[PDB]
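A.B. asks: Provided herewith: start.txt, compact mmCIF, C-alpha atoms.
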```
# COMPACT_ATOMS: atom_id res chain seq x y z
CA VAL O 2 14.61 -38.47 27.29
CA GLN O 3 12.82 -36.23 24.79
CA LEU O 4 12.03 -32.77 26.17
CA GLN O 5 9.68 -30.45 24.28
CA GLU O 6 8.93 -26.85 25.27
CA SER O 7 5.53 -25.20 24.82
CA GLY O 8 4.21 -21.85 25.99
CA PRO O 9 2.79 -18.47 24.99
CA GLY O 10 5.08 -16.66 22.58
CA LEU O 11 3.85 -13.18 23.51
CA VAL O 12 3.82 -11.86 27.09
CA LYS O 13 3.33 -8.12 27.56
CA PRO O 14 5.70 -6.22 29.86
CA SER O 15 5.34 -6.82 33.62
CA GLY O 16 3.18 -9.90 32.96
CA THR O 17 3.84 -13.48 33.96
CA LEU O 18 5.34 -15.66 31.22
CA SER O 19 4.55 -19.34 31.83
CA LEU O 20 6.52 -21.94 29.87
CA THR O 21 5.69 -25.62 30.38
CA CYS O 22 7.90 -28.52 29.26
CA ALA O 23 6.89 -32.16 28.85
CA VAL O 24 9.13 -35.00 30.02
CA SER O 25 8.98 -38.01 27.69
CA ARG O 26 10.63 -41.44 27.63
CA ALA O 27 11.31 -41.06 31.38
CA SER O 28 9.67 -40.05 34.65
CA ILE O 29 9.69 -36.58 36.18
CA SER O 30 9.91 -38.38 39.53
CA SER O 31 13.23 -39.88 38.41
CA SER O 32 16.59 -38.69 39.75
CA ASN O 33 17.01 -35.65 37.52
CA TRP O 34 17.08 -31.93 38.32
CA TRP O 35 15.06 -30.14 35.64
CA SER O 36 16.49 -26.71 34.86
CA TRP O 37 15.37 -23.79 32.71
CA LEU O 38 17.86 -21.62 30.84
CA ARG O 39 17.82 -18.46 28.76
CA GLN O 40 19.50 -17.38 25.51
CA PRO O 41 19.14 -13.63 24.93
CA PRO O 42 19.34 -12.85 21.21
CA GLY O 43 23.01 -12.42 20.36
CA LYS O 44 24.23 -12.46 23.98
CA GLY O 45 25.50 -15.25 26.21
CA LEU O 46 23.30 -17.85 27.84
CA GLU O 47 22.16 -17.85 31.47
CA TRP O 48 20.71 -20.27 34.02
CA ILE O 49 17.36 -19.10 35.38
CA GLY O 50 16.81 -21.87 37.93
CA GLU O 51 16.08 -25.54 38.58
CA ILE O 52 13.48 -27.79 40.20
CA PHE O 53 13.04 -31.38 41.38
CA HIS O 54 10.19 -33.84 41.82
CA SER O 55 9.96 -32.78 45.49
CA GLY O 56 9.40 -29.13 44.56
CA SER O 57 12.83 -28.01 45.75
CA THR O 58 13.87 -25.03 43.63
CA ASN O 59 17.29 -23.38 43.39
CA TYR O 60 17.42 -20.12 41.44
CA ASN O 61 20.01 -17.77 40.04
CA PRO O 62 20.58 -15.00 42.62
CA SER O 63 20.11 -12.33 39.96
CA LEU O 64 16.74 -13.75 38.84
CA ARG O 65 15.64 -15.27 42.16
CA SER O 66 12.96 -12.69 42.93
CA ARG O 67 11.18 -12.72 39.57
CA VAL O 68 11.10 -16.40 38.64
CA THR O 69 9.12 -19.29 40.10
CA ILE O 70 9.53 -22.86 38.84
CA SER O 71 6.93 -25.53 39.59
CA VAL O 72 6.40 -29.23 38.87
CA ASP O 73 3.21 -31.20 38.17
CA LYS O 74 3.78 -34.95 38.37
CA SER O 75 0.30 -35.90 37.17
CA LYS O 76 1.01 -34.49 33.70
CA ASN O 77 4.80 -34.93 33.98
CA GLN O 78 5.30 -31.23 33.24
CA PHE O 79 7.80 -28.88 34.88
CA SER O 80 6.91 -25.25 34.20
CA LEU O 81 8.44 -21.84 34.84
CA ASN O 82 6.68 -18.52 35.48
CA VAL O 83 8.69 -15.31 35.04
CA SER O 84 6.90 -12.33 36.59
CA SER O 85 7.58 -8.59 36.44
CA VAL O 86 9.15 -8.74 32.99
CA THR O 87 11.34 -5.75 32.10
CA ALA O 88 11.45 -6.31 28.31
CA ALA O 89 15.04 -7.53 28.68
CA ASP O 90 13.89 -11.15 29.13
CA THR O 91 13.28 -11.84 25.43
CA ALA O 92 15.15 -15.05 24.68
CA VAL O 93 14.86 -18.65 23.53
CA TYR O 94 14.03 -20.34 26.83
CA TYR O 95 15.33 -23.90 27.02
CA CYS O 96 14.27 -26.88 29.06
CA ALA O 97 17.11 -28.91 30.53
CA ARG O 98 17.95 -32.00 32.53
CA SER O 99 20.78 -32.56 35.01
CA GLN O 100 21.38 -36.18 35.98
CA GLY O 101 21.18 -36.87 39.70
CA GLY O 102 19.22 -35.25 42.48
CA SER O 103 18.13 -38.23 44.55
CA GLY O 104 21.72 -38.95 45.59
CA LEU O 105 24.82 -36.92 46.33
CA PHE O 106 26.29 -37.16 42.83
CA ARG O 107 24.43 -34.58 40.77
CA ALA O 108 25.94 -33.96 37.33
CA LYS O 109 25.39 -30.28 36.61
CA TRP O 110 25.93 -30.30 32.84
CA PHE O 111 22.65 -30.19 30.92
CA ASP O 112 23.03 -33.11 28.55
CA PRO O 113 19.53 -33.44 26.99
CA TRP O 114 18.35 -29.98 25.98
CA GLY O 115 15.08 -29.19 24.22
CA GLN O 116 14.02 -26.99 21.35
CA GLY O 117 13.38 -23.62 22.97
CA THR O 118 10.42 -21.37 22.28
CA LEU O 119 11.23 -17.73 21.55
CA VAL O 120 9.15 -15.25 23.56
CA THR O 121 8.90 -11.61 22.49
CA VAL O 122 7.75 -9.17 25.17
CA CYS J 100 29.52 -45.06 62.06
CA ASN J 101 26.70 -44.41 59.59
CA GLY J 102 28.70 -42.30 57.14
CA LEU J 103 32.15 -41.02 56.31
CA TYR J 104 34.96 -40.99 58.88
CA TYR J 105 38.25 -39.06 58.97
CA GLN J 106 40.71 -38.59 61.84
CA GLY J 107 38.09 -39.49 64.42
CA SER J 108 35.45 -37.12 63.02
CA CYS J 109 32.40 -38.86 61.55
CA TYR J 110 30.17 -37.08 59.03
CA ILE J 111 26.61 -38.25 58.37
CA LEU J 112 24.87 -37.17 55.17
CA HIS J 113 21.39 -35.67 55.12
CA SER J 114 19.57 -36.26 51.84
CA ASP J 115 17.01 -33.52 52.52
CA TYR J 116 17.61 -30.23 50.72
CA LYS J 117 17.70 -27.23 53.06
CA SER J 118 19.27 -23.79 53.29
CA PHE J 119 22.32 -22.91 55.37
CA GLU J 120 20.48 -21.79 58.50
CA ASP J 121 18.30 -24.90 58.61
CA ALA J 122 21.32 -27.12 57.97
CA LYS J 123 23.20 -25.52 60.86
CA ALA J 124 20.15 -25.81 63.10
CA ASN J 125 19.79 -29.51 62.35
CA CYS J 126 23.51 -30.16 62.84
CA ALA J 127 23.49 -28.35 66.19
CA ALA J 128 20.34 -30.13 67.34
CA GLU J 129 22.11 -33.41 66.48
CA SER J 130 25.13 -32.51 68.65
CA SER J 131 27.18 -31.71 65.56
CA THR J 132 28.36 -28.87 63.33
CA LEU J 133 28.66 -28.37 59.60
CA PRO J 134 31.90 -29.66 58.04
CA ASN J 135 34.89 -27.31 58.08
CA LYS J 136 36.40 -26.57 54.68
CA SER J 137 39.89 -26.52 56.21
CA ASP J 138 39.88 -30.22 57.12
CA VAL J 139 38.02 -31.37 54.00
CA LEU J 140 39.95 -29.55 51.25
CA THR J 141 43.01 -31.76 50.77
CA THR J 142 41.57 -35.05 52.02
CA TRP J 143 39.60 -37.45 49.84
CA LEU J 144 36.39 -36.43 51.62
CA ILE J 145 36.01 -33.53 49.18
CA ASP J 146 34.96 -35.93 46.42
CA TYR J 147 31.92 -36.80 48.55
CA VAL J 148 31.52 -33.38 50.18
CA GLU J 149 31.50 -31.17 47.08
CA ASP J 150 28.40 -29.00 46.68
CA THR J 151 27.43 -29.39 50.34
CA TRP J 152 27.25 -26.82 53.09
CA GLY J 153 30.10 -25.59 55.26
CA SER J 154 30.54 -23.57 58.42
CA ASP J 155 31.47 -20.41 56.52
CA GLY J 156 28.07 -20.56 54.82
CA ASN J 157 29.17 -21.44 51.28
CA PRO J 158 29.19 -24.70 49.30
CA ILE J 159 32.43 -26.62 49.72
CA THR J 160 34.73 -26.62 46.68
CA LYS J 161 38.36 -27.39 45.90
CA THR J 162 39.24 -23.75 45.18
CA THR J 163 41.84 -22.46 47.63
CA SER J 164 40.33 -19.00 48.11
CA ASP J 165 38.14 -16.39 46.39
CA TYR J 166 34.86 -17.73 47.79
CA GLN J 167 31.67 -17.14 45.79
CA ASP J 168 31.07 -13.39 46.04
CA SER J 169 27.54 -13.83 44.70
CA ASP J 170 25.07 -14.58 47.48
CA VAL J 171 24.36 -18.27 48.06
CA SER J 172 22.33 -17.91 51.27
CA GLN J 173 18.96 -18.35 49.53
CA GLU J 174 19.74 -21.75 48.04
CA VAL J 175 19.13 -25.43 48.78
CA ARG J 176 21.91 -27.98 49.18
CA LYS J 177 22.46 -31.28 50.97
CA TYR J 178 24.47 -31.09 54.18
CA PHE J 179 26.76 -33.22 56.31
CA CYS J 180 26.59 -33.20 60.11
CA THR J 181 29.51 -34.46 62.19
CA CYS G 100 39.55 -47.71 54.71
CA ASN G 101 39.45 -44.69 52.39
CA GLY G 102 35.77 -45.21 51.52
CA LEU G 103 32.38 -46.16 52.94
CA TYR G 104 31.84 -49.33 54.97
CA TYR G 105 29.13 -52.00 55.23
CA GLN G 106 29.29 -55.63 56.34
CA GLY G 107 33.05 -55.56 55.94
CA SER G 108 32.87 -54.13 52.41
CA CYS G 109 34.79 -50.99 51.43
CA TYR G 110 33.30 -48.78 48.71
CA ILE G 111 35.71 -46.45 46.89
CA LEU G 112 34.56 -43.50 44.79
CA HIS G 113 36.03 -42.93 41.33
CA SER G 114 34.70 -39.45 40.63
CA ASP G 115 35.66 -39.66 36.95
CA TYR G 116 32.52 -40.04 34.85
CA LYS G 117 32.63 -43.16 32.68
CA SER G 118 30.34 -45.63 30.95
CA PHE G 119 29.42 -49.08 32.24
CA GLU G 120 32.14 -50.94 30.33
CA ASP G 121 34.95 -48.58 31.31
CA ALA G 122 33.67 -48.77 34.89
CA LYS G 123 33.82 -52.56 34.76
CA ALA G 124 37.35 -52.45 33.35
CA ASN G 125 38.52 -49.97 35.99
CA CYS G 126 37.03 -52.07 38.79
CA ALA G 127 38.63 -55.21 37.34
CA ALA G 128 41.97 -53.41 37.38
CA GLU G 129 41.37 -52.69 41.07
CA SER G 130 40.44 -56.39 41.51
CA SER G 131 36.98 -55.26 42.67
CA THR G 132 33.60 -55.04 40.95
CA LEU G 133 30.58 -52.76 40.76
CA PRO G 134 28.07 -52.82 43.63
CA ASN G 135 25.07 -55.12 43.47
CA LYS G 136 21.60 -53.62 43.71
CA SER G 137 20.46 -56.07 46.39
CA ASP G 138 23.12 -55.13 48.95
CA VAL G 139 22.54 -51.37 48.68
CA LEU G 140 18.75 -51.01 48.45
CA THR G 141 18.13 -51.70 52.16
CA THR G 142 20.84 -49.45 53.57
CA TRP G 143 21.81 -45.84 54.04
CA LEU G 144 24.52 -46.64 51.49
CA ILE G 145 21.73 -46.15 48.96
CA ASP G 146 21.78 -42.39 49.50
CA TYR G 147 25.42 -42.41 48.39
CA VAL G 148 25.17 -45.06 45.66
CA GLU G 149 22.09 -43.71 43.86
CA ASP G 150 22.68 -42.80 40.22
CA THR G 151 25.91 -44.81 40.29
CA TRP G 152 26.50 -47.85 38.13
CA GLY G 153 25.74 -51.37 39.29
CA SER G 154 26.68 -54.81 38.08
CA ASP G 155 23.24 -55.26 36.51
CA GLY G 156 24.16 -52.65 33.89
CA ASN G 157 21.47 -50.13 34.83
CA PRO G 158 21.85 -47.22 37.27
CA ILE G 159 21.14 -48.13 40.88
CA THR G 160 17.81 -46.74 42.08
CA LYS G 161 14.83 -47.50 44.31
CA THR G 162 12.32 -46.93 41.48
CA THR G 163 10.89 -49.25 38.76
CA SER G 164 8.53 -50.97 41.29
CA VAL G 171 22.29 -48.01 28.85
CA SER G 172 25.78 -48.08 27.35
CA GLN G 173 25.29 -44.50 26.13
CA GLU G 174 25.46 -43.05 29.66
CA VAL G 175 28.40 -42.22 31.92
CA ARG G 176 27.97 -41.94 35.69
CA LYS G 177 30.16 -41.92 38.78
CA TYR G 178 30.94 -45.52 39.71
CA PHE G 179 31.79 -47.09 43.04
CA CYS G 180 34.05 -50.12 43.52
CA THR G 181 33.94 -52.73 46.28
CA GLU P 1 29.04 -15.16 38.95
CA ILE P 2 32.14 -16.38 37.13
CA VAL P 3 32.22 -14.53 33.81
CA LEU P 4 33.53 -16.75 31.00
CA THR P 5 34.98 -15.09 27.90
CA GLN P 6 35.63 -16.94 24.64
CA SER P 7 38.50 -15.22 22.87
CA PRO P 8 37.85 -16.04 19.18
CA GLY P 9 34.43 -14.63 18.37
CA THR P 10 34.55 -16.22 14.91
CA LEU P 11 37.22 -18.60 13.59
CA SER P 12 36.38 -18.64 9.89
CA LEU P 13 37.85 -21.61 8.02
CA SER P 14 37.27 -23.94 5.12
CA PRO P 15 36.97 -27.68 5.80
CA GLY P 16 40.17 -29.11 7.21
CA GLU P 17 42.07 -27.37 10.01
CA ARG P 18 43.33 -27.71 13.60
CA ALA P 19 40.80 -25.22 14.91
CA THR P 20 41.40 -24.04 18.48
CA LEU P 21 38.79 -22.32 20.64
CA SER P 22 39.76 -20.84 24.00
CA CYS P 23 37.83 -19.46 26.96
CA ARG P 24 39.01 -18.00 30.26
CA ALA P 25 37.35 -17.47 33.63
CA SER P 26 37.39 -14.57 36.07
CA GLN P 27 38.03 -17.03 38.92
CA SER P 28 39.44 -20.54 39.03
CA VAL P 29 36.91 -23.25 38.19
CA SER P 30 36.94 -26.22 40.55
CA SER P 31 38.28 -29.49 39.14
CA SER P 32 38.48 -27.95 35.65
CA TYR P 33 34.72 -28.50 35.59
CA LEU P 34 33.87 -27.17 32.14
CA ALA P 35 31.55 -28.99 29.74
CA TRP P 36 31.44 -27.63 26.20
CA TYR P 37 28.32 -27.81 24.05
CA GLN P 38 27.27 -27.63 20.42
CA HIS P 39 24.57 -25.49 18.80
CA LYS P 40 23.56 -26.21 15.23
CA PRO P 41 21.08 -23.45 14.28
CA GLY P 42 17.68 -24.75 15.36
CA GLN P 43 18.89 -28.21 16.34
CA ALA P 44 18.89 -29.14 20.01
CA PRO P 45 22.19 -28.26 21.73
CA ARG P 46 24.43 -31.23 22.49
CA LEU P 47 26.99 -32.08 25.16
CA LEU P 48 30.31 -32.44 23.35
CA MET P 49 32.51 -32.73 26.44
CA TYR P 50 32.26 -32.83 30.23
CA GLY P 51 35.11 -32.17 32.63
CA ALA P 52 36.97 -30.17 29.93
CA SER P 53 38.80 -33.28 28.66
CA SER P 54 36.18 -36.07 28.36
CA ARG P 55 33.89 -36.66 25.39
CA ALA P 56 30.27 -37.56 25.98
CA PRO P 57 29.05 -40.51 23.89
CA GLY P 58 27.88 -39.59 20.40
CA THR P 59 30.60 -37.06 19.53
CA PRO P 60 33.60 -38.06 17.39
CA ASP P 61 37.18 -38.27 18.59
CA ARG P 62 38.30 -35.16 16.69
CA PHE P 63 37.22 -33.06 19.71
CA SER P 64 40.08 -32.85 22.23
CA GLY P 65 39.89 -30.56 25.25
CA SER P 66 42.47 -29.34 27.71
CA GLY P 67 42.69 -26.74 30.43
CA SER P 68 42.79 -25.87 34.09
CA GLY P 69 41.80 -23.08 36.44
CA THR P 70 41.58 -19.87 34.45
CA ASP P 71 42.17 -21.17 30.92
CA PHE P 72 40.27 -23.88 29.04
CA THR P 73 40.38 -24.82 25.37
CA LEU P 74 38.73 -27.07 22.80
CA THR P 75 40.45 -28.35 19.66
CA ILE P 76 39.11 -29.79 16.41
CA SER P 77 41.91 -31.70 14.70
CA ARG P 78 40.10 -31.93 11.35
CA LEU P 79 36.85 -30.35 10.21
CA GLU P 80 33.86 -31.83 8.39
CA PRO P 81 30.87 -29.94 6.97
CA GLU P 82 28.59 -31.44 9.64
CA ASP P 83 30.84 -30.45 12.59
CA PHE P 84 31.02 -26.63 12.28
CA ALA P 85 28.64 -24.53 14.39
CA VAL P 86 28.50 -22.36 17.51
CA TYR P 87 30.36 -23.57 20.60
CA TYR P 88 30.05 -22.75 24.30
CA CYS P 89 31.90 -23.00 27.60
CA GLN P 90 29.95 -24.05 30.69
CA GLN P 91 31.49 -23.91 34.17
CA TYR P 92 29.66 -25.68 36.98
CA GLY P 93 32.03 -25.03 39.87
CA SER P 94 30.32 -21.81 40.97
CA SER P 95 26.98 -21.51 42.75
CA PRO P 96 25.40 -19.78 39.72
CA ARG P 97 26.13 -21.79 36.58
CA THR P 98 27.56 -19.39 33.99
CA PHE P 99 27.91 -20.01 30.26
CA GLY P 100 30.19 -18.26 27.77
CA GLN P 101 29.86 -16.30 24.57
CA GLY P 102 29.48 -18.24 21.35
CA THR P 103 32.39 -18.99 19.02
CA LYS P 104 30.94 -19.34 15.53
CA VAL P 105 32.87 -21.19 12.83
```
Now, as a test, write the supplied structure out as structure tokens.
C.D. replies:
Amino acid sequence: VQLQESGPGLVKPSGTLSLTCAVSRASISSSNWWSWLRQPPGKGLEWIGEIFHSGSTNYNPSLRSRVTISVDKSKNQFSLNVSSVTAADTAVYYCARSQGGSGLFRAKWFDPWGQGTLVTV
Amino acid sequence: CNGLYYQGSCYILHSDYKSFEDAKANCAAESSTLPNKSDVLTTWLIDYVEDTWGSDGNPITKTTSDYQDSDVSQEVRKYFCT
Amino acid sequence: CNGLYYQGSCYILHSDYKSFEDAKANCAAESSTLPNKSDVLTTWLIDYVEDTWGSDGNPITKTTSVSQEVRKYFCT
Amino acid sequence: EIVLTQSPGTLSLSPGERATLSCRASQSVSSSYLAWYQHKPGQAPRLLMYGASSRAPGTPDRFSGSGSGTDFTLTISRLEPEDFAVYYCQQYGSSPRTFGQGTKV
């Protein structure tokens, strides 16, 4: 399951930053919860939400208002739009996969990561 | 019955992902309530019931106390209905 | 029994995450085996057994028209 | 939001050592559910361990993990030039999944 991130590097403050990731070697419709994560430069990582093939989205309470994660099955791309940026969101956003989602046995740990694109506000 | 059973109480899973209020509404409409963390903590059921909804309004975990202070109301999670 | 029930078959959950071969060994120790895909596809059991190992060697799923993975395994 | 703190910010060593990395939690983590990761600069992060004591396939046996509740720890028995990099704690027993600060080697 090769995940590759692609999006606009520069997003001015208060704008919407849209990062789209491509699922390869597997199906987005498969039983996997696709999550997006953040790595602020020099600080600890965070978890800015997750999505499924049915559109169900579970966010971090801190970032729930700003973020919106969507899925497009036709192009097998799960994307994330972060609105109302406050210039503190600069980070290397990562795609992620969490086994499970169709059943009751979701494995939270994000085994296959993906090279993250660095966005500078 | 069509699910787990413990001490005469039978819990049916619901694969659909829904918030706490909707889960409680569905359980009540189906003549049932959300599982109680008290009866599910020590028993084996927890292995199946982890990360599902409970009466108190928080996902069920093996921790004894110190429930998640951070709000979990606006979240989606599978639920069991007795 | 302690686990799920169908057609007189008891399914026990081993929450520990393990590969297919360790799952087979653990089930053999229990004198049981991994679930078969045929018996679970047409049942509510599927909702519980999805993304859990099966005897075929691939994860049990309703889709489709690896030894490098570890997933929660049932035992019957 | 369980805040995870990794005590040794940088454990500088030359190849060959029983390196020990530790990380604690503000609240008890259910089932010792902590999966460490690896971060080679630029390279895609890996899953070294899940459950705090189990190694995911693809990582050598030199990684041994132990812990419960508050305290969790990773140990490298011997070090090789291709096994030193940043390391992370990841608890998934709380509703928001929280990581930990890096521990560079």
A.B. asks: Using only C-alpha atoms, find each residue in chain O having at least one atom no more than 9 Å away from chain G; report its shortest atom-to-atom pair and that distance in Å (one decimal), rows by chain then rising number, as a Markdown table.
C.D. replies:
```
| residue | atom | partner | partner_atom | distance |
| --- | --- | --- | --- | --- |
| O:31 | CA | G:162 | CA | 7.7 |
| O:32 | CA | G:150 | CA | 7.4 |
| O:100 | CA | G:150 | CA | 8.0 |
| O:101 | CA | G:150 | CA | 6.1 |
| O:102 | CA | G:150 | CA | 8.6 |
| O:103 | CA | G:149 | CA | 6.8 |
| O:104 | CA | G:149 | CA | 5.1 |
| O:105 | CA | G:147 | CA | 5.9 |
| O:106 | CA | G:150 | CA | 7.2 |
| O:107 | CA | G:150 | CA | 8.4 |
| O:108 | CA | G:176 | CA | 8.4 |
```
A.B. asks: Between CA of residue 148 (chain J) and CA of residue 127 (chain J), what is the spacing in Å?
C.D. replies: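 Interatomic distance here is 18.6 Å.
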A.B. asks: Would you list which chain G residues are within 12 Å of chain J using only C-alpha atoms, as a ChimeraX atom specification?
C.D. replies: /G:100-106,109-115,142-149,177,179
A.B. asks: Residues near residue 154 (chain J), anyone? I mean within 10 Å using only C-alpha atoms, not counting same-chain ones fewer than 4 positions away, as a PyMOL selection string.
C.D. replies: chain J and resi 119+122-123+132-136+158-159
A.B. asks: Compute the set of chain O residues within 12 Å of chain J, using all atoms listed in the file, and express it as a list in words.
C.D. replies: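 On the chain O side, the interface is residues 50, 51, 52, 53, 55, 56, 57, 58, 59, 60, 61, 62, 63, 64, 65, 66, 102, 103, 104, 105, 106, 107, 108 and 109 of chain O.
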A.B. asks: Could you please select, counting all atoms listed in the file, the residues of chain P within 9 Å of chain G and state them as a list in words?
C.D. replies: residues 50, 51, 54, 56, 57 and 58 of chain P
A.B. asks: Enumerate as a ChimeraX atom specification the residues belonging to chain P that approach chain J to within 8 Å, with all atoms listed in the file taken into account.
C.D. replies: /P:1,27-31,93-95
A.B. asks: Could you turn the residues from that selection into a file that holds C-alpha atoms, as a PDB file, in the coordinates of the input?
C.D. replies:
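Everything below was put into selection_28.pdb:
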```
ATOM      1  CA  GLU P   1      29.040 -15.160  38.950  1.00  0.00           C
ATOM      2  CA  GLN P  27      38.030 -17.030  38.920  1.00  0.00           C
ATOM      3  CA  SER P  28      39.440 -20.540  39.030  1.00  0.00           C
ATOM      4  CA  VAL P  29      36.910 -23.250  38.190  1.00  0.00           C
ATOM      5  CA  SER P  30      36.940 -26.220  40.550  1.00  0.00           C
ATOM      6  CA  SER P  31      38.280 -29.490  39.140  1.00  0.00           C
ATOM      7  CA  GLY P  93      32.030 -25.030  39.870  1.00  0.00           C
ATOM      8  CA  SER P  94      30.320 -21.810  40.970  1.00  0.00           C
ATOM      9  CA  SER P  95      26.980 -21.510  42.750  1.00  0.00           C
TER      10      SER P  95
END
```
A.B. asks: Counting all atoms listed in the file, a student should be able to say which residues of chain O come within 12 Å of chain P; what is the right answer, written as a count of residues only?
C.D. replies: 46
A.B. asks: So how far away is CA of residue 156 (chain J) from CA of residue 81 (chain O), in Å?
C.D. replies: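 Interatomic distance, CA of residue 81 (chain O) to CA of residue 156 (chain J): 28.0 Å.
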A.B. asks: State, in Å with one decimal place, the distance from CA of residue 132 (chain G) to CA of residue 109 (chain J).
C.D. replies: 26.2 Å
A.B. asks: Quick one: everything within 8 Å of residue 7 (chain P), counting all atoms listed in the file, minus sequence neighbours fewer than 6 positions away in the same chain. Send it as a ChimeraX atom specification.
C.D. replies: /P:21-24
A.B. asks: Would you kindly place N, CA and C atoms on region 10-29 of chain P and return the model as a short mmCIF file (atom, residue, chain, number, x, y, z; two decimals), keeping the file's coordinate frame?
C.D. replies:
```
data_model
loop_
_atom_site.label_atom_id
_atom_site.label_comp_id
_atom_site.auth_asym_id
_atom_site.auth_seq_id
_atom_site.Cartn_x
_atom_site.Cartn_y
_atom_site.Cartn_z
N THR P 10 34.84 -15.46 16.12
CA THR P 10 34.55 -16.22 14.91
C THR P 10 35.87 -16.69 14.32
N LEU P 11 36.03 -18.00 14.19
CA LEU P 11 37.22 -18.60 13.59
C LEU P 11 36.81 -19.14 12.23
N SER P 12 36.83 -18.27 11.22
CA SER P 12 36.38 -18.64 9.89
C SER P 12 37.42 -19.53 9.22
N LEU P 13 36.96 -20.66 8.68
CA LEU P 13 37.85 -21.61 8.02
C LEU P 13 37.09 -22.36 6.95
N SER P 14 37.82 -22.95 6.04
CA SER P 14 37.27 -23.94 5.12
C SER P 14 37.57 -25.33 5.65
N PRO P 15 36.83 -26.35 5.19
CA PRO P 15 36.97 -27.68 5.80
C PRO P 15 38.41 -28.14 5.84
N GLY P 16 38.82 -28.62 7.01
CA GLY P 16 40.17 -29.11 7.21
C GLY P 16 41.06 -28.10 7.92
N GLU P 17 41.23 -28.27 9.23
CA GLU P 17 42.07 -27.37 10.01
C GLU P 17 42.14 -27.83 11.46
N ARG P 18 43.23 -27.48 12.16
CA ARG P 18 43.33 -27.71 13.60
C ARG P 18 42.77 -26.51 14.36
N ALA P 19 41.45 -26.36 14.28
CA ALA P 19 40.80 -25.22 14.91
C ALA P 19 40.95 -25.29 16.42
N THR P 20 41.24 -24.14 17.04
CA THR P 20 41.40 -24.04 18.48
C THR P 20 40.51 -22.94 19.01
N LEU P 21 39.64 -23.28 19.96
CA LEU P 21 38.79 -22.32 20.64
C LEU P 21 39.21 -22.26 22.10
N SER P 22 39.28 -21.04 22.64
CA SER P 22 39.76 -20.84 24.00
C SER P 22 38.75 -20.00 24.78
N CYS P 23 38.71 -20.23 26.09
CA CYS P 23 37.83 -19.46 26.96
C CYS P 23 38.42 -19.43 28.36
N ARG P 24 38.40 -18.25 28.97
CA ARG P 24 39.01 -18.00 30.26
C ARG P 24 37.94 -17.62 31.27
N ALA P 25 38.28 -17.73 32.55
CA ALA P 25 37.35 -17.47 33.63
C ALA P 25 37.90 -16.38 34.54
N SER P 26 36.99 -15.60 35.12
CA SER P 26 37.39 -14.57 36.07
C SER P 26 38.02 -15.18 37.31
N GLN P 27 37.49 -16.31 37.77
CA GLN P 27 38.03 -17.03 38.92
C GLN P 27 38.25 -18.48 38.54
N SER P 28 39.12 -19.14 39.30
CA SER P 28 39.44 -20.54 39.03
C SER P 28 38.19 -21.40 39.15
N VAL P 29 38.03 -22.32 38.20
CA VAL P 29 36.91 -23.25 38.19
C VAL P 29 37.36 -24.55 38.85
#
```
